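Peer 1: The structure's right below; bear with me while I get my questions together.
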Amino acid sequence: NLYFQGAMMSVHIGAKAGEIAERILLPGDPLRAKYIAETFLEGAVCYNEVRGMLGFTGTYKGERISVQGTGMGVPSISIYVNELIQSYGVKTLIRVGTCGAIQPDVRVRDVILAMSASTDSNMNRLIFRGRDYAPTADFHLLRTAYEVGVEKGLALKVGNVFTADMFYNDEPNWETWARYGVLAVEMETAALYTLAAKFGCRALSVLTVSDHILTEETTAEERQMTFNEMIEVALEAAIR
Amino acid sequence: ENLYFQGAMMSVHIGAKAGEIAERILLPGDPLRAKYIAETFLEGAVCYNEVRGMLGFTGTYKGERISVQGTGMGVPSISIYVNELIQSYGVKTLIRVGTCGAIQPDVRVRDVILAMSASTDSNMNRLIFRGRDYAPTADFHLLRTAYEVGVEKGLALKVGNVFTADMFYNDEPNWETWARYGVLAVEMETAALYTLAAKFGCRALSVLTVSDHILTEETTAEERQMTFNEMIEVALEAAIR
Amino acid sequence: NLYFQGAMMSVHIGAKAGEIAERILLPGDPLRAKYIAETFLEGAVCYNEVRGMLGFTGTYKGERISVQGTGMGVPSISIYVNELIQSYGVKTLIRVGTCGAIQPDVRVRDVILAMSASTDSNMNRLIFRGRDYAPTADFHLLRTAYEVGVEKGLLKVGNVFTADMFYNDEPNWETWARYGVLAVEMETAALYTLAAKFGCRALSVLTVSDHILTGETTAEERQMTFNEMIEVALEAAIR
Amino acid sequence: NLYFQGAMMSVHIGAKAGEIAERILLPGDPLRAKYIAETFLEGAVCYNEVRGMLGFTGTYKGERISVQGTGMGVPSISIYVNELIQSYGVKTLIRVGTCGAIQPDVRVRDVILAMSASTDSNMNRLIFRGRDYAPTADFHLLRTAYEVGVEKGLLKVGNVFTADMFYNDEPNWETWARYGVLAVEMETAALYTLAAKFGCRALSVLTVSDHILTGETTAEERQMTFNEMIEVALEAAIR
Amino acid sequence: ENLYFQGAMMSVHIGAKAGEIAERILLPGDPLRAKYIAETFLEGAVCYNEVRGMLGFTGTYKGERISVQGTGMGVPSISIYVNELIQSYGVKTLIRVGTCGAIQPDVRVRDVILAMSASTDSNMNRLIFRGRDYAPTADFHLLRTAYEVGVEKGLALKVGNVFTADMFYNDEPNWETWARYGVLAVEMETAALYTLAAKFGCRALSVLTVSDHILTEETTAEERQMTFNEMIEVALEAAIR
Amino acid sequence: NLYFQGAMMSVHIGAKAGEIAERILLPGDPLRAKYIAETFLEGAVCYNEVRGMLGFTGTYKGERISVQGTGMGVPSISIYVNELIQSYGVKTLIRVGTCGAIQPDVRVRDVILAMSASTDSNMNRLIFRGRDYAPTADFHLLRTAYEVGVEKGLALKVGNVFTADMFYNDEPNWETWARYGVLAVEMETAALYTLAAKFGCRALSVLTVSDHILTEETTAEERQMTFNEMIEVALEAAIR
Ligand code: NA
Ligand code: NA
Ligand code: NA
Ligand code: NA
């Protein structure tokens with residue numbers, strides 16, 4: 001409940017020094033963080049329960065890996081990303097999440113690697129004095145994730161996503177965004193890419209298409225299978 | 001199922017059955033504070049939502065049905081929950097309870113603030129009003145009731161403008177400028193709550209406890225507990241009157 | 001006709017020190033300031049005639065009260081309010097005027113207490129470097145005027161919109177109404193911002209004189225509602 | 001006190017048809033409109049006293065000419081100019097007033113012809129959806145007034161800045177001066193924009209009454225320069 | 001050598017020796033039009049610049065030294081050349097000559113326009129004046145001279161505002177709105193020319209021939225040639241008086 | 001000199017139908033277009049002399065390739081790119097050019113592949129109603145260029161560039177742009193990437209660092225050698 005302590009004091013994360021690995025996966029839902037830690041990591045322990053925003057650390061192929069819930073939207077993920085980087089020395093951050101497709105050639109359960117993110121957040125207009133900053137993924141993470149997707153034979157589109165402030169927007173103008181190549185909507189990536197660049201860290205978002213503005217029915221097994229593939233891409237990207 | 005293109009009336013972030021949520025609701029940011037409020041102040045409280053861990057509860061206070069729902073942090077998070085509560089569950093009275101950071105020399109830690117309005121650096125309203133200035137404003141009658149309840153309990157209750165921040169960590173908040181024009185404290189949700197409540201003809205108020213000061217007093221766990229309890233009672237009374 | 005002297009010099013108000021009470025009513029029409037001063041005040045003296053912008057000081061229930069015309073619009077009232085606060089030490093400022101309603105349940109002759117003011121003026125975007133400041137009334141003034149209106153059995157409380165452009169081709173009134181705006185006028189946002197800046201108490205008490213929908217009264221109707229508005233304002237100022 | 005009637009209804013000007021000439025001078029002070037009407041016009045009749053905003057119609061060299069007070073600032077002059085053009089058929093509109101100089105080579109009592117007007121008003125950003133409109137004088141009016149000033153041996157021609165905020169904590173005058181702005185006033189941008197909108201001819205003739213640097217005269221000096229400005233304006237209107 | 005961080009005074013885009021450029025200069029957009037003007041109207045014209053093919057020439061007109069320099073298209077291109085001409089070569093009088101597209105019913109193809117000012121959708125001045133409205137404006141005395149020269153030749157010469165576009169191909173120009181407020185014609189450079197000329201205390205004017213109309217007349221090669229020649233003579237006379 | 005004819009009538013390019021290849025290189029300087037066409041292409045012919053903005057078509061490894069000068073700045077390149085795409089059916093556009101580095105670890109003669117471009121142009125703020133669009137390279141062109149740079153052992157950085165309207169800017173704020181990862185300044189890429197995305201075309205900028213805001217002296221031979229390497233990367237990217 002302190003507001004003016006500084007990000008290096010990380011008041012939203014109750015972890016001791018060292019409990020968070022240099023490489024971290026960022027689902028939005030803390031219950032997905034627990035699923036990832038229990039399903040894919042060895043020896044996972046919980047290091048944070050503040051606000052119920054669970055985070056865990058364990059190992060994957062002998063490399064230390066953390067998984068931290070972020071909440072929804074640019075202001076929530078910006079709190080957690082600032083604290084992870086400035087307080088815990090995190091250097092590689094892979095967001096794993098969903099998105100809503102707006103392109104006719106993108107299908108539900110396709111996996112998208114966000115090369116960059118458009119946004120209607122004000123955060124960068126206020127930093128850059130009204131000019132246009134392009135939040136952009138780390139190229140080597142992106143290229144690595146792409147190569148792993150190839151090894152696994154996945155349907156993998158690479159392009160721009162749109163980071164919305166307003167999940168419920170009366171005037172999204174999706175026809176305009178789609179005309180200019182935007183693949184899908186989500187709510188966090190522009191902030192992740194901007195703050196990772198600010199502090200010299202490496203960031204990527206690996207996203208599953210969970211809805212389409214035009215289209216498609218799926219089952220629970222189907223969803224869990226695609227989720228597992230996205231997590232495996234992220235983990236390999238993190239440790240290579 | 002992570003659907004993006006259902007309308008708010010389908011409330012995909014809230015797992016409650018129709019009718020499980022009361023028309024009056026308290027909105028702490030922290031789902032663990034929702035659980036504390038429900039267990040401490042409400043009779044017969046039942047959990048209606050665990051989606052994303054963002055707990056919500058319904059119970060009764062002085063014979064009235066009351067819910068209490070975590071919102072998460074920031075304008076985008078609370079705007080999801082408020083849209084769904086209003087458009088899917090028929091919520092009509094929405095009281096945010098939480099903390100804020102004072103930026104005024106004469107506002108003290110543990111003061112309770114009633115936000116009469118909220119400034120912001122969110123883009124949400126610039127995009128709605130094509131670049132003009134909308135003033136997000138509390139419901140007058142809730143605000144007046146809460147103030148009077150505070151008088152009944154001999155409380156302070158400062159009343160004025162708060163600033164809804166997008167960036168908890170901001171390199172350029174210019175707090176001197178905001179303080180100069182009378183902003184009392186920083187928080188991260190009220191501008192969206194007040195705007196959406198006005199949009200749908202609902203009544204909203206934020207009742208906030210000062211938990212930090214840009215220029216400073218330390219406090220005890222018990223002191224914070226009793227001020228917290230006092231904030232909740234003001235909000236609960238404001239909801240049922 | 002100076003431009004680069006400070007507000008402590010009172011460029012536009014030809015009074016000298018002490019002639020202006022700490023409580024002031026601000027109609028927009030100077031002829032209406034004269035009316036208020038004669039009709040409601042005991043002992044009304046005219047302290048200003050610069051530009052015809054009449055201002056008067058008198059007594060009401062034994063309290064000193066001034067009444068000062070502002071012009072029309074944010075730049076005009078900003079001149080007078082800066083000089084009133086920074087030159088003459090005015091502490092309590094209550095605007096009284098008319099507004100055009102844009103809500104179906106608000107009727108002509110209803111009285112509005114402006115809790116806050118939206119605007120399309122650039123004044124605050126330029127102060128807060130593009131961010132959103134909410135100009136807001138003093139709460140104790142607002143609450144006082146509300147109880148007075150109740151004691152006298154009258155009163156809607158909410159947001160008004162301060163327009164720069166009386167004649168606007170694109171006002172988008174349906175959007176402002178959707179988000180609760182009650183009525184349009186042209187001064188309150190500047191008053192609430194400047195009052196907060198200098199730690200003064202401000203409030204707008206407004207009478208609906210027109211409606212977007214009904215397009216709308218007798219002379220006797222307008223003046224009776226007007227006097228009720230003044231009575232609320234005078235009361236709020238002295239309590 | 002109507003709000004939602006069109007400008008063809010002349011809400012703020014209590015004249016009837018034909019009482020206002022097609023050529024009009026626009027001082028900002030209504031008391032100064034009265035002065036102009038008596039001192040320079042033959043047969044001056046007062047056609048308006050709404051809000052004290054006096055307006056007069058008379059003759060000069062056998063041509064009908066009106067003189068109408070505007071208030072201070074873009075919203076005020078916009079009200080009067082809309083009604084003058086759309087109700088009364090005014091075609092030629094010449095503002096006369098003062099300004100504060102921000103250039104070292106411009107001196108108090110110099111007369112400025114405003115070729116164009118910069119501004120910090122939001123009026124045009126909201127019309128042109130954030131793009132940059134340049135409010136500009138009618139060239140033939142500008143050229144005429146320039147030749148008259150020469151015939152009479154007086155005159156700087158350039159850009160002025162129309163301010164919303166007479167009292168501005170952050171005017172950044174060094175930046176505007178670097179880019180050639182001559183002086184600050186508070187109305188010309190709105191006049192030039194509205195004149196162009198309705199196909200009318202407009203011009204501001206301004207007297208420097210203050211300087212950012214010299215901070216600056218006798219009463220006899222101010223009034224003699226003033227009369228010269230009026231003489232230029234009257235001449236430009238009728239030629 | 002493609003240096004980005006030398007100051008304008010080093011004029012890396014212009015290969016002229018010190019003094020090879022006259023204090024008075026005509027600025028067509030097209031380097032081939034610069035060459036035509038120099039060879040047709042100037043005595044003793046010599047080429048001083050071929051960097052990027054953006055030809056510039058110096059010669060004499062009626063015993064006065066005059067240069068003529070291609071600018072390229074758009075605010076960023078002309079702003080490079082104008083900064084370097086002013087800050088490196090001491091240019092003081094700058095007359096743009098070129099074409100424009102009319103958007104007014106009463107402006108006709110082959111009319112010659114003197115731009116008294118220029119509207120724009122460039123961001124250049126929003127960023128200089130922190131979001132306020134600067135009006136780029138011609139030098140009054142050049143404008144007046146050109147008008148009078150046009151009278152001497154019995155020419156039309158319309159005088160008013162032009163719009164400096166960033167986007168020759170724009171899906172949303174809103175020409176009806178601009179025409180409503182009196183914009184005569186579209187071009188792509190004048191706002192930058194007038195702003196930079198004011199910045200450095202120089203005198204600038206744009207003299208433009210209407211070459212197209214949003215609502216329409218066809219013309220002959222000879223007709224375009226004689227109107228072109230007439231535009232150049234007005235600009236040359238305006239430069240040396 | 002027509003203003004209202006429509007981009008498909010391409011009034012700035014005097015080429016007959018078919019004279020321009022589907023794959024094109026875009027130097028800014030028309031004299032560099034002539035150098036590229038004479039040095040690297042077989043059978044090159046000039047198809048445009050309008051405004052002196054030379055363009056050429058020839059062959060490289062048996063594939064048809066064009067080279068077209070663009071002028072300086074977003075408004076100039078936007079005219080040529082609109083006409084090439086809408087009138088001549090160009091589908092793959094590689095800008096080859098220079099840039100001014102602002103990062104201390106980027107050296108003069110390094111080759112930069114622009115993953116995305118920041119800008120202070122107003123063009124996208126006016127299209128997207130004041131929101132933030134991120135102009136982004138085609139991933140497969142980018143990845144291909146990267147791989148070719150590897151085959152050749154070049155010093156190849158991949159990241160964001162800044163597209164300036166004002167070569168001479170009194171307030172560039174380069175410290176802020178550099179803090180957020182911007183590698184270098186140039187004047188065209190944001191427009192190229194936005195218009196290529198609008199029309200479903202593939203675009204990339206391959207840029208040589210020719211100046212540094214902090215630092216380095218070079219020779220003519222050095223410059224020509226690095227220029228040749230950048231052109232070879234672009235040509236391979238275009239035809240693979
Ligand atoms: Na911590
Ligand atoms: Na639900
Ligand atoms: Na040079
Ligand atoms: Na063509």
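Identifiers for the structure tokens are assigned positionally: chains receive A, B, ... in sequence, residues are indexed from 1 per chain, and ligands are indexed from 1 in the order shown.
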Once you count only C-alpha atoms and all ligand atoms, which residues end up within 8 Å of ligand 3, and could you hand them over as an mmCIF file with C-alpha atoms, in the first residue's frame?

Peer 2:
```cif
data_model
loop_
_atom_site.group_PDB
_atom_site.id
_atom_site.type_symbol
_atom_site.label_atom_id
_atom_site.label_comp_id
_atom_site.auth_asym_id
_atom_site.auth_seq_id
_atom_site.Cartn_x
_atom_site.Cartn_y
_atom_site.Cartn_z
ATOM 1 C CA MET E 9 25.801 25.669 -41.638
ATOM 2 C CA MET E 10 27.917 22.834 -43.110
ATOM 3 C CA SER E 11 25.200 22.303 -45.790
ATOM 4 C CA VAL E 12 26.077 18.684 -46.597
ATOM 5 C CA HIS E 13 23.316 18.438 -49.289
ATOM 6 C CA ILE E 14 24.625 21.331 -51.392
ATOM 7 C CA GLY E 15 27.978 21.063 -53.126
ATOM 8 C CA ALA E 16 28.512 24.798 -53.733
ATOM 9 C CA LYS E 17 31.629 26.721 -52.775
ATOM 10 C CA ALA E 18 31.199 29.634 -50.374
ATOM 11 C CA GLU E 84 21.245 24.947 -45.598
ATOM 12 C CA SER E 88 25.373 28.119 -44.827
#
```

Peer 1: Can you pull out every residue from range 89-221 of chain F that DSSP, working from the backbone, puts in helix (DSSP H, G or I), and format the result as a PyMOL selection string?

Peer 2: chain F and resi 123-127+139-151+174-179+189-198+220-221

Peer 1: Residues of the last selection are to be written out with C-alpha atoms, as an mmCIF file, in the first residue's frame.

Peer 2:
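Everything below was put into part-v7.cif:
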```cif
data_model
loop_
_atom_site.group_PDB
_atom_site.id
_atom_site.type_symbol
_atom_site.label_atom_id
_atom_site.label_comp_id
_atom_site.auth_asym_id
_atom_site.auth_seq_id
_atom_site.Cartn_x
_atom_site.Cartn_y
_atom_site.Cartn_z
ATOM 1 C CA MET F 123 0.775 10.781 -41.039
ATOM 2 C CA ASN F 124 -0.318 7.897 -38.810
ATOM 3 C CA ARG F 125 -1.761 10.033 -36.001
ATOM 4 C CA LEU F 126 -4.146 11.373 -38.658
ATOM 5 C CA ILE F 127 -5.044 7.895 -39.972
ATOM 6 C CA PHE F 139 9.230 -10.756 -40.944
ATOM 7 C CA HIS F 140 10.281 -13.131 -43.716
ATOM 8 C CA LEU F 141 12.223 -10.447 -45.604
ATOM 9 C CA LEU F 142 13.847 -9.422 -42.328
ATOM 10 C CA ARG F 143 14.776 -12.970 -41.351
ATOM 11 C CA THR F 144 16.116 -13.650 -44.872
ATOM 12 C CA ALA F 145 18.284 -10.510 -44.850
ATOM 13 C CA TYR F 146 19.560 -11.513 -41.433
ATOM 14 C CA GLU F 147 20.541 -14.993 -42.650
ATOM 15 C CA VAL F 148 22.334 -13.549 -45.697
ATOM 16 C CA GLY F 149 24.223 -11.141 -43.453
ATOM 17 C CA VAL F 150 25.324 -14.187 -41.446
ATOM 18 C CA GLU F 151 26.521 -16.019 -44.579
ATOM 19 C CA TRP F 174 17.856 11.765 -28.756
ATOM 20 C CA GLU F 175 18.645 10.805 -25.128
ATOM 21 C CA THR F 176 15.009 9.740 -24.704
ATOM 22 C CA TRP F 177 14.805 7.821 -27.994
ATOM 23 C CA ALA F 178 18.107 6.056 -27.241
ATOM 24 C CA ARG F 179 16.958 5.121 -23.751
ATOM 25 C CA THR F 189 11.128 3.897 -43.210
ATOM 26 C CA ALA F 190 7.939 4.563 -41.182
ATOM 27 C CA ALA F 191 6.103 5.565 -44.376
ATOM 28 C CA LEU F 192 7.439 2.592 -46.367
ATOM 29 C CA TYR F 193 6.379 0.089 -43.707
ATOM 30 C CA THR F 194 2.936 1.631 -43.179
ATOM 31 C CA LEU F 195 2.064 1.811 -46.905
ATOM 32 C CA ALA F 196 3.442 -1.678 -47.619
ATOM 33 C CA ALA F 197 1.235 -3.100 -44.844
ATOM 34 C CA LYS F 198 -1.784 -1.127 -46.145
ATOM 35 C CA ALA F 220 35.882 6.386 -49.923
ATOM 36 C CA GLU F 221 36.970 2.774 -50.524
#
```

Peer 1: How would you write, as a ChimeraX atom specification, the set of residues no farther than 8 Å from ligand 4 when counting only C-alpha atoms and all ligand atoms?

Peer 2: /F:8-16,83,87

Peer 1: Fewer than 2 positions away in the same chain doesn't count, so skip those; otherwise give me all residues within 7 Å of range 108-124 of chain E, counting only C-alpha atoms, as a VMD selection string.

Peer 2: (chain D and resid 131 to 134 136) or (chain E and resid 106 126 to 128 136 to 138 143 156 to 166 190 to 191 205 to 213 217 227 231) or (chain F and resid 121 to 122)

Peer 1: For each of A:34, A:47, A:165, A:26, take the minimum atom-to-atom distance to ligand 1, counting only C-alpha atoms and all ligand atoms, then give the residue where this is smallest.

Peer 2: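 Between A:34, A:47, A:165, A:26, the residue approaching ligand 1 most closely is A:47.
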
Peer 1: Once you count only C-alpha atoms, which residues of chain C turn out to be within 10 Å of chain E? Could you give them as a VMD selection string?

Peer 2: chain C and resid 122 125 to 126 129 to 130

Peer 1: Provide the CA of residue 116 in chain F to CA of residue 134 in chain A distance in Å, to one decimal place.

Peer 2: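 Separation of CA of residue 116 in chain F and CA of residue 134 in chain A: 6.6 Å.
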
Peer 1: When distances are computed from only C-alpha atoms, which of F:129, F:36, F:81, F:18 shows the smallest separation from chain B?

Peer 2: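 Going through F:129, F:36, F:81, F:18 one by one, the smallest distance to chain B is for F:129.
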
Peer 1: Show me, as number ranges by chain, the residues that have an atom within 8 Å of residue 1 in chain C when counting only C-alpha atoms, minus same-chain residues fewer than 5 positions from it.

Peer 2: C: 11; D: 98, 209-210

Peer 1: I need the residues in range 1-215 of chain D that are strand (DSSP E) according to DSSP; give them as an mmCIF file with C-alpha atoms, in the first residue's frame.

Peer 2:
```cif
data_model
loop_
_atom_site.group_PDB
_atom_site.id
_atom_site.type_symbol
_atom_site.label_atom_id
_atom_site.label_comp_id
_atom_site.auth_asym_id
_atom_site.auth_seq_id
_atom_site.Cartn_x
_atom_site.Cartn_y
_atom_site.Cartn_z
ATOM 1 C CA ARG D 23 -19.097 47.725 -42.696
ATOM 2 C CA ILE D 24 -18.349 47.572 -38.986
ATOM 3 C CA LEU D 25 -15.525 48.490 -36.624
ATOM 4 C CA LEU D 26 -15.028 46.112 -33.673
ATOM 5 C CA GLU D 42 -21.972 61.747 -38.145
ATOM 6 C CA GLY D 43 -25.417 60.879 -36.813
ATOM 7 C CA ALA D 44 -24.531 58.124 -34.378
ATOM 8 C CA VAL D 45 -27.512 56.058 -33.189
ATOM 9 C CA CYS D 46 -27.227 53.299 -30.590
ATOM 10 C CA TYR D 47 -28.811 50.084 -31.910
ATOM 11 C CA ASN D 48 -27.818 47.780 -29.053
ATOM 12 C CA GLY D 55 -23.249 49.198 -30.812
ATOM 13 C CA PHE D 56 -23.756 52.285 -32.966
ATOM 14 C CA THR D 57 -24.497 53.092 -36.594
ATOM 15 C CA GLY D 58 -23.540 56.369 -38.220
ATOM 16 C CA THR D 59 -22.003 57.926 -41.321
ATOM 17 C CA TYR D 60 -18.407 58.641 -42.283
ATOM 18 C CA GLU D 63 -20.923 55.908 -46.045
ATOM 19 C CA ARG D 64 -22.886 53.993 -43.421
ATOM 20 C CA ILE D 65 -20.588 52.491 -40.774
ATOM 21 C CA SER D 66 -21.315 50.649 -37.560
ATOM 22 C CA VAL D 67 -19.178 50.292 -34.430
ATOM 23 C CA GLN D 68 -19.869 47.353 -32.124
ATOM 24 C CA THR D 92 -16.533 43.971 -43.881
ATOM 25 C CA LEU D 93 -15.240 43.731 -40.331
ATOM 26 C CA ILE D 94 -12.225 45.659 -38.977
ATOM 27 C CA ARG D 95 -11.089 45.074 -35.410
ATOM 28 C CA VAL D 96 -9.404 47.996 -33.661
ATOM 29 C CA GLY D 97 -7.701 47.442 -30.357
ATOM 30 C CA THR D 98 -4.434 47.215 -28.454
ATOM 31 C CA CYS D 99 -1.710 44.560 -28.230
ATOM 32 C CA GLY D 100 1.408 43.745 -26.211
ATOM 33 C CA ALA D 101 4.599 43.707 -28.250
ATOM 34 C CA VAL D 111 0.473 50.399 -35.264
ATOM 35 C CA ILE D 112 0.316 46.734 -36.340
ATOM 36 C CA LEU D 113 -1.706 45.355 -39.248
ATOM 37 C CA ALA D 114 -2.253 41.677 -38.396
ATOM 38 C CA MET D 115 -1.578 39.728 -41.584
ATOM 39 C CA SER D 116 -2.520 36.483 -39.761
ATOM 40 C CA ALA D 117 -3.026 35.225 -36.235
ATOM 41 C CA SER D 118 -1.405 32.365 -34.326
ATOM 42 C CA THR D 119 -3.353 31.121 -31.289
ATOM 43 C CA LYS D 156 4.294 46.993 -39.111
ATOM 44 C CA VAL D 157 2.645 44.078 -40.969
ATOM 45 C CA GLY D 158 2.878 40.540 -39.605
ATOM 46 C CA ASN D 159 1.620 37.724 -37.409
ATOM 47 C CA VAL D 160 -0.012 38.284 -34.009
ATOM 48 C CA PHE D 161 -0.787 35.757 -31.327
ATOM 49 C CA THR D 162 -4.379 35.383 -30.086
ATOM 50 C CA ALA D 183 2.507 41.040 -30.392
ATOM 51 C CA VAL D 184 -0.193 39.382 -28.269
ATOM 52 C CA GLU D 185 -3.927 40.150 -28.270
ATOM 53 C CA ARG D 201 -13.465 40.539 -45.371
ATOM 54 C CA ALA D 202 -11.703 41.056 -42.058
ATOM 55 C CA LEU D 203 -8.642 42.890 -40.734
ATOM 56 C CA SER D 204 -7.212 43.797 -37.328
ATOM 57 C CA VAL D 205 -5.583 47.212 -36.887
ATOM 58 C CA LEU D 206 -3.753 47.235 -33.562
ATOM 59 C CA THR D 207 -1.890 49.787 -31.444
ATOM 60 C CA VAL D 208 0.970 48.594 -29.284
ATOM 61 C CA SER D 209 0.033 49.644 -25.764
ATOM 62 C CA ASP D 210 2.611 47.607 -23.819
ATOM 63 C CA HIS D 211 5.923 45.797 -24.287
#
```
